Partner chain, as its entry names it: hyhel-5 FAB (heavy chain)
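Coming up is one lone chain in structure tokens, specifically the form deposited without the partner chain.
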């Protein structure tokens, strides 16, 4: 499903991403735009045989099990297919796990390049929230 900007922001808000760990809602929406263009079915195969899934392009090498990635790690304890749903529950629970573990949102390179240090309030402009 291709979410609309405000629709995804409202869904992420309902799931408690608003200022989770000090990362405002706009940071999350900005990240999703540049990672998947708000497309929940987005998948990106990598040379290492890993695939990035969903709105936040969560990698199968360490975060979810897709049955075809070397290493067999699944830190979020979910099948990668759960990240392709129009229901963002699993994506949010997993992203909260990622952001708590390493260099915050720096885990998303798209976020680092186009979001970090910029006025992200603009991402939730005109949204009822």
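Residue numbers count along the first chain shown, from 1.
A second form of this protein, the form deposited with the partner chain bound, is not displayed here; the remarks below concern that form.
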- request: Please check if residue 102 has a heavy atom lying within 4.5 Å of any heavy atom of the partner chain in the entry with it bound.
  value: no
In the entry with it bound, residue 53 touching the partner chain (heavy atom, 4.5 Å): yes
message: Does any part of residue 81 reach within 4.5 Å of the partner chain in the entry with it bound? Heavy atoms only, please.
response: yes
query: Is the gap between residue 89 and the partner chain in the entry with it bound 4.5 Å or less for some heavy atom pair?
result: no
message: At 4.5 Å, heavy atom to heavy atom, what parts of 105-124 sit next to the partner chain in the entry with it bound? List them in sequence order, or say none.
response: none
